[PDB]
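Report on one structure; see the data block that follows.
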There are 2 protein chains.
Amino acid sequence: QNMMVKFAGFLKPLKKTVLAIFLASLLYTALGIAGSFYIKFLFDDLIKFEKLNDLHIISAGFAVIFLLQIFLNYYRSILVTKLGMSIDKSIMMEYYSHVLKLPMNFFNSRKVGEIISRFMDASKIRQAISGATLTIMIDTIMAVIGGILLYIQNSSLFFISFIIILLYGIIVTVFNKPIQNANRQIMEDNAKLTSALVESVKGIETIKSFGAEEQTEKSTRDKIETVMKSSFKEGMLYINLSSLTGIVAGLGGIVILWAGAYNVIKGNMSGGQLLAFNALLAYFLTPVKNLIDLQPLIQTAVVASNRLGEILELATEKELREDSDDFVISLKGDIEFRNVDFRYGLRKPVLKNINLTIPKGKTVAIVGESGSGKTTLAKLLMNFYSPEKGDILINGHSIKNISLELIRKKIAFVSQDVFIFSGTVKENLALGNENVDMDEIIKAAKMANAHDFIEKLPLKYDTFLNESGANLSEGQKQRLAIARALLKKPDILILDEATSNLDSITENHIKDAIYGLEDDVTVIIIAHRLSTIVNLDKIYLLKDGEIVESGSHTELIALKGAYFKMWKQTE
Amino acid sequence: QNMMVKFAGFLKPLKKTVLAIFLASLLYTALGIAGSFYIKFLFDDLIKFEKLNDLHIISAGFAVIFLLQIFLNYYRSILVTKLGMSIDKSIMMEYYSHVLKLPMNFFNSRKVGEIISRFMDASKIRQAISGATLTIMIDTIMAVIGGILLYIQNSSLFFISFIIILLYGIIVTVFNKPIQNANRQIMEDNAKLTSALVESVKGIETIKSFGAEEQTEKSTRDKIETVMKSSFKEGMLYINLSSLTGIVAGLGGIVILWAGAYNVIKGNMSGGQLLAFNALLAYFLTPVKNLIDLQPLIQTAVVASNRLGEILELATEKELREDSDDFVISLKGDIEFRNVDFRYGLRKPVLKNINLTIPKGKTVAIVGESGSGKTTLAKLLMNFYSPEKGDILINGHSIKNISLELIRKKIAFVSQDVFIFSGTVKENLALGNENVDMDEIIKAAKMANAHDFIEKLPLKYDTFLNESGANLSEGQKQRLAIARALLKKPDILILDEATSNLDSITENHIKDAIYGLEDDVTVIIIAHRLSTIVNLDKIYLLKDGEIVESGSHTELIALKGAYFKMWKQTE
Ligand SMILES: CCCCCCCC/C=C/CCCCCCCC(=O)O[C@@H](COC(=O)CCCCCCCCCCCCCCC)COP(=O)([O-])OCC[N+](C)(C)C
Ligand SMILES: CCCCCCCCCCCCCCCC(=O)OCCCOP(=O)(O)OCC[N+](C)(C)C
Ligand SMILES: Nc1ncnc2c1ncn2[C@@H]1O[C@H](COP(=O)(O)OP(=O)(O)O)[C@@H](O)[C@H]1O
Ligand SMILES: Nc1ncnc2c1ncn2[C@@H]1O[C@H](COP(=O)(O)OP(=O)(O)O)[C@@H](O)[C@H]1O
Ligand SMILES: [Mg+2]
Ligand SMILES: [Mg+2]
């Protein structure tokens, strides 16, 4: 694991609060040890000799001592809570910051519910780090002073206490591995249940439309039964651990009283001294038993931290990248696919020996039937995925030798589905560019024909868009995406079926807009309708991951090939 | 509370378990009380008279008593754990079933992360119904016997130890409202953080493409900071509660020893009797303080249960329906919209004064631009939403007097976006009628051309599909949706732009299949391309929630209106 080393890093700045906690703990333990002698003073001196005034005076003094140690415990609890909140905040921030940067094949291969559950199985790390748990660990460490004093008082009774301690330590090891496995098994089942719940909430309209509420109930019921079986198996290990710990504690107390009474009879002690030993055992055995009782909480936190570190061990997208050529400053130039092969993991290949050469500052089209792999080409250009064979070149430089930030800032991608995040229209338009002038946003919205309906909104570029832009129409969200892409001022523009829901008036406006750009930006159009690609320089027809033919519209029509058949059938 | 009544009713079948728990706890308390007298015999008979053999015999007897007590505690804990598992099972299943049965307006106004947080906050209820918390409540209940014995032994010390109980009650009452509010605030902030994380996971492609990882880290960091502040505010209420209860406990113990020593000096008790009284306080004051120490868990579980009950108080999709007429068994008739007005919530109207009749058994096309209200019309026909004014009449009877099962069993909807759930291809194609004959799936799949590509799969119809059908292209998913809708054998078939991604050959085959039906199945085709509605019987044009042009293709062209303009522009 790396979490123990990472834990020490968090406490490095706080080298002054830890000292205060240590000193407060020392004072608290010393005051408790001092106050443990009250029963000895009662039974050896005050009760035997009937000293009422001394009874009152020493009782008040010990009450004052107890109040002092309570005030000390209040002081260190605040510092411990502050440290716990700081550590938990750092852990959560690091995990989210890392999970944002992971490669794209991580999100494809993982259900949303799994990631959500892994993130939200982190409140369990707060519980084992909160004010009371760290206080109990500190008391367990401080129990050394109590043990030393107990040895100073009696030897045989200290050895009995030591045997009790060893029996505590033996039980912990036996229940260490079984409790982790039981806590890990329930976490996976909880992740599966959360994934099922998320998936059922997603397709609730389809569930209702088909009357599939009962089947979903049965499936989630089976998952709940699995979770409850895991929890029950994990919940009976706690019963065995608690029963063994209670046996040890109670029998050790009875044995200590037995041996102390034997010593008192033999004359090696007195009743007051034995009672003081029993009272001082609260600072040698009680903290240890409290730690053993908290052990399941620590095991749950450790399992959750290990599950988080499983994600944190994955290398991010920038860590899998070869060195970047600093001479490349712009992505303007010819785009070439050189024998590109790609398959989504280990399945059948999607692209087989792909060969394009898109001239710089030219508008080209990639067309084909659904599933041919046009969006896969667009995502390879965006460098979401890497070709298994061949390479993609921009102006003679491999796309793997260009910095990822430059690639993702100089290439604009408009997808089939538009993602609208919770915020105003202004915030959605300025995504990743929250320092742009307002006039530029107006210019982009006008260029994408999005200004007209935005100015008709109640807030006029401040309208809080709900989740997934429900209040926005299907063709209104596409115009927002196109405006967001144009606001980027890119060097390569990819329109992946961005005009499917737009009307003729709007599509003509956007067509002139992307036609009116400088003769240095490359516009790549991925379209399913052939009526929107007639006036572009070159058209590549993709048929199951292969450029079977290419050329302008006139040349493709004057070939009587697959493109001519597509044009005749689709028109 | 209402939630408490449900949990108590969950205990009605399990009545013999409760009796066994009660008897075992009675025996446990009696044995503990009997064993608390060990220190009385030590310090009054065995030590005073130096009896050694009697010391060994009595110590062995009390060790046996303690072992019996531990065995009884083990048995009772097992029973309590099983009871708590059953209760939590029932709670989870009830909440999931209800949330599945909720109306479509609930899922529109709520983010997914809120529902997922509310469901998984039920893990907080599991802690309060654990095998250790219920044991502490039962011990607190049984503490009445210990209190009676303390009163019988010494009235003065019992009165002193009774004030400690009152001070616990006052401290708990004072810290009752503040603790619940902090828990609600923390849970709300956690729900917001979960919603943010879910939304970020959904749109990871856009976030990566626009370089918004840094911008998305600031929002989530702010939400994490809000959660941390809310947690620290609750973490200081617990510190105050613990400090006050510790003050009461320690000062009460010191005062009890003080007054006991005074009584022993005055001759009202003996040295052994005072120690026996203090040992017997482990069954009067210790259970109460242990219960008070669990106030955070109980309050957190109460808040979580209240949050669940907030959802459970909703009226579902079937309790809002009127008295359904049972004389309707088939939705075969003229569908009519009579002055139907509808708006999504309090926003602008979507459909205004729609008059639209659909002849029985004919094919009808509804067309227009995006945002016109076509999918809204389809969802109104499916009873997903209710019109504000006017009625929908599938036949002479209104559609709100038809059973909701019949509406969702005789009308098939093929939405624009196809939802595929994690399972086999055969499991997805049933989705509501899993008992379909295996030969009936082939007939539906061959009608939708889904059989050809399904046969070219590893496990054929048993091939496992991902959570979103990533391995299936858009055309394949649309064909699966069409096959699933046809497999239902409906009376009204709504094709909501289902053939947008389909090939010309596939579209022609599916249109041929649609042509050949029972001659009484009404087909509604919501289309964006006007070339796919040429041969349909009647066409309605939607212009911002108004039916402006109606008629066949020849009449609409002959009218030379809005539909003529759309035809000229698009084709
Ligand atoms: C499921 C359970 C069912 C069965 C359980 C069976 C349990 C077995 C129970 C056994 C009871 C033991 C009886 C002790 C009574 C002492 C009598 C005595 O003479 O005192 C002697 C102390 O004797 C010792 O030194 C220590 C002996 C006890 C071992 C400690 C066991 C720890 C707690 C056990 C927890 C068990 C938990 C087990 C967890 C698995 C005094 O000796 P001395 O000569 O005066 O000293 C000389 C001093 N001088 C040199 C200064 C002069
Ligand atoms: C602020 C938080 C502090 C928490 C502490 C709570 C404890 C409060 C309890 C105070 C009550 C103190 C009562 C002391 C009783 C006492 O100290 O006295 C006992 C009387 C028994 O005496 P009695 O049975 O009558 O014997 C004959 C003797 N005499 C009458 C002949 C003198
Ligand atoms: N996220 C994914 N994981 C696995 N396979 C995928 C994924 N996305 C697409 N595929 C498969 O790879 C092929 C690529 O097609 P796609 O990129 O969707 O092109 P188009 O835009 O023409 O649909 C599809 O046939 C699909 O089955
Ligand atoms: N879940 C929703 N919440 C609020 N408004 C919505 C929702 N769904 C649709 N609308 C609004 O209702 C109108 C009708 O849209 P819709 O009929 O779904 O589009 P289309 O006709 O292209 O299918 C749209 O203008 C949209 O703003
Ligand atoms: Mg695509
Ligand atoms: Mg629609």
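Scheme for the structure tokens: letters A, B, ... for chains in order shown; per-chain residue numbers from 1; ligand numbers from 1 in order shown.
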
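The residues sitting within 8 Å of ligand 2, with only C-alpha atoms and all ligand atoms considered, come out as residues 155, 156, 157, 159, 160, 161, 163, 164, 167, 247, 248, 249, 250, 251, 252, 253, 255, 256, 258, 259, 260, 262, 263, 266, 267 and 268 of chain B.
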
Could I get the residues of chain A with an atom no further than 6 Å from an atom of chain B, each paired with its nearest atom pair and that distance in Å to one decimal, using only C-alpha atoms, sorted by chain and residue number, as a Markdown table?
```
| residue | atom | partner | partner_atom | distance |
| --- | --- | --- | --- | --- |
| A:47 | CA | B:265 | CA | 5.7 |
| A:50 | CA | B:265 | CA | 5.3 |
| A:209 | CA | B:408 | CA | 5.7 |
| A:210 | CA | B:432 | CA | 5.4 |
| A:211 | CA | B:432 | CA | 5.5 |
| A:212 | CA | B:432 | CA | 4.4 |
| A:265 | CA | B:50 | CA | 5.3 |
| A:370 | CA | B:475 | CA | 5.7 |
| A:371 | CA | B:473 | CA | 4.9 |
| A:408 | CA | B:209 | CA | 5.5 |
| A:419 | CA | B:203 | CA | 6.0 |
| A:432 | CA | B:212 | CA | 4.2 |
| A:473 | CA | B:371 | CA | 5.1 |
| A:475 | CA | B:370 | CA | 5.6 |
```

Do you know which residues are at most 9 Å from residue 300 of chain A counting only C-alpha atoms, after dropping those on the same chain fewer than 2 positions away, and could you put them as number ranges by chain? A: 124-125, 128, 179-180, 183-184, 295-298, 302-305

Step by step, measure atom-to-atom distances between ligand 6 and each residue using only C-alpha atoms and all ligand atoms, keep those at most 7 Å, then write them as an NGL selection string.
:B and (374-375 or 416 or 496)

Restricting it to N, CA, C and O atoms, dump the selection as an mmCIF file, in the first residue's frame.
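For reference, part04.cif as written:
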```cif
data_model
loop_
_atom_site.group_PDB
_atom_site.id
_atom_site.type_symbol
_atom_site.label_atom_id
_atom_site.label_comp_id
_atom_site.auth_asym_id
_atom_site.auth_seq_id
_atom_site.Cartn_x
_atom_site.Cartn_y
_atom_site.Cartn_z
ATOM 1 N N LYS B 374 -43.950 16.951 -30.482
ATOM 2 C CA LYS B 374 -44.310 15.645 -31.021
ATOM 3 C C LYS B 374 -44.094 14.538 -29.996
ATOM 4 O O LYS B 374 -45.005 13.748 -29.717
ATOM 5 N N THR B 375 -42.887 14.461 -29.429
ATOM 6 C CA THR B 375 -42.641 13.503 -28.359
ATOM 7 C C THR B 375 -43.507 13.802 -27.145
ATOM 8 O O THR B 375 -43.887 12.884 -26.412
ATOM 9 N N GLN B 416 -36.725 8.036 -29.298
ATOM 10 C CA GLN B 416 -35.583 8.485 -30.086
ATOM 11 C C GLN B 416 -34.285 7.876 -29.575
ATOM 12 O O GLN B 416 -33.435 7.449 -30.365
ATOM 13 N N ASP B 496 -41.220 6.968 -32.746
ATOM 14 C CA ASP B 496 -40.707 8.311 -32.478
ATOM 15 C C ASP B 496 -39.322 8.446 -33.101
ATOM 16 O O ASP B 496 -38.289 8.306 -32.443
#
```

- Item | DSSP strand (DSSP E or B) selection over segment 314-548 of chain A, as JSON, numbers by chain | {"A": [335, 336, 337, 338, 339, 340, 341, 342, 351, 352, 353, 354, 355, 356, 357, 358, 363, 364, 365, 366, 367, 368, 389, 390, 391, 392, 393, 394, 397, 398, 411, 412, 413, 414, 423, 424, 464, 465, 492, 493, 494, 495, 496, 522, 523, 524, 525, 526, 527, 538, 539, 540, 541, 542, 547, 548]}

Can you pull out every residue within 9 Å of residue 138 of chain A, counting only C-alpha atoms, but drop anything in the same chain fewer than 5 positions away, and send it as an mmCIF file with N, CA and C atoms, in the first residue's frame?
```
data_model
loop_
_atom_site.group_PDB
_atom_site.id
_atom_site.type_symbol
_atom_site.label_atom_id
_atom_site.label_comp_id
_atom_site.auth_asym_id
_atom_site.auth_seq_id
_atom_site.Cartn_x
_atom_site.Cartn_y
_atom_site.Cartn_z
ATOM 1 N N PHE A 22 -0.184 15.954 21.706
ATOM 2 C CA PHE A 22 0.655 15.072 22.512
ATOM 3 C C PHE A 22 0.763 15.570 23.949
ATOM 4 N N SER A 25 -2.542 15.150 25.759
ATOM 5 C CA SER A 25 -2.739 13.745 26.092
ATOM 6 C C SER A 25 -1.885 13.329 27.283
ATOM 7 N N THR A 133 -12.153 8.348 17.577
ATOM 8 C CA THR A 133 -11.302 7.217 17.220
ATOM 9 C C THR A 133 -9.827 7.547 17.427
ATOM 10 N N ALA A 143 -1.197 4.297 27.157
ATOM 11 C CA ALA A 143 -1.332 3.214 28.128
ATOM 12 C C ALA A 143 0.009 2.657 28.600
ATOM 13 N N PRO A 287 -8.351 1.386 27.491
ATOM 14 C CA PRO A 287 -8.046 1.895 26.140
ATOM 15 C C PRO A 287 -7.800 0.794 25.125
#
```

Taking the chain letters and numbering used in this document, name the residues of segment 303-532 of chain A that DSSP puts in alpha helix (DSSP H), as a PyMOL selection string. chain A and resi 303-312+374-381+404-410+425-429+438-447+451-455+474-487+504-515
